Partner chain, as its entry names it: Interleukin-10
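Below sits a lone chain in structure tokens, taken as the form solved without the partner chain.
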């Protein structure tokens, strides 16, 4: 008899799908684990007898509805399977985009970086996966409480009409209009606008 893996869960962010678990209490020796995914009607091994407490399922089709299961093994015995279901496009967490902010005169200019997706074959970003990918920006004068919302047309934005030598804080997140799915907000970046007279040359 072998106890099953505990607290089994899918930790998926930006389509990096990591199945993770906790090793159960066991007195006889080192446990190994086998995790599988369903392909048509039969389960296929993804990680066979790994000594680790996680398995990378990033190769699962992003659009499919998957079923995964994992069990512990020792000697020639094995535990019961622990199974979960997972749909990447609907369940993966969309992390915060990156952001570069520059101050030009009394203005804040920003460029957004779409979260990347390393498939070990192609360098994709959320844009290659979601066709209606868009950004949502939110900013406010440091101190105040009124937050303003704006939706850039592309991967950059220019906040015009701002007060000189004033500090503003800005955040950005990805958004999928077609699915109403919002990604996580980036931590706020606060920058102080300067002045027309600051412009060199």
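Positions refer to the first chain, counted from 1.
In what follows, reference is made to the form deposited with the partner chain bound, a form of this protein that is not presented.
Query raised in the report: Can all three of 96, 168 and 195 be found with a heavy atom no more than 4.5 Å from the partner chain in the deposited bound form?
Result: Checked in the deposited bound form: no contact with the partner chain for any of the three.
Query raised in the report: With a 4.5 Å heavy atom cut-off, would you call residue 84 a contact of the partner chain in the deposited bound form?
Result: Looking in the deposited bound form, residue contacts with the partner chain do not include residue 84, since no heavy atom lies within 4.5 Å.
Query raised in the report: Heavy atom to heavy atom, is residue 164 within 4.5 Å of the partner chain in the deposited bound form?
Result: Residue 164: no, not in contact with the partner chain in the deposited bound form.
Requested in this report: With heavy atoms only and a cut-off of 4.5 Å, decide whether residue 38 touches the partner chain in the deposited bound form.
Outcome: Residue 38: contacts the partner chain in the deposited bound form.
Query raised in the report: Heavy atoms within 4.5 Å of the partner chain in the deposited bound form: does residue 77 have any?
Result: Because no heavy atom of residue 77 falls inside 4.5 Å of the partner chain in the deposited bound form, the answer is no.
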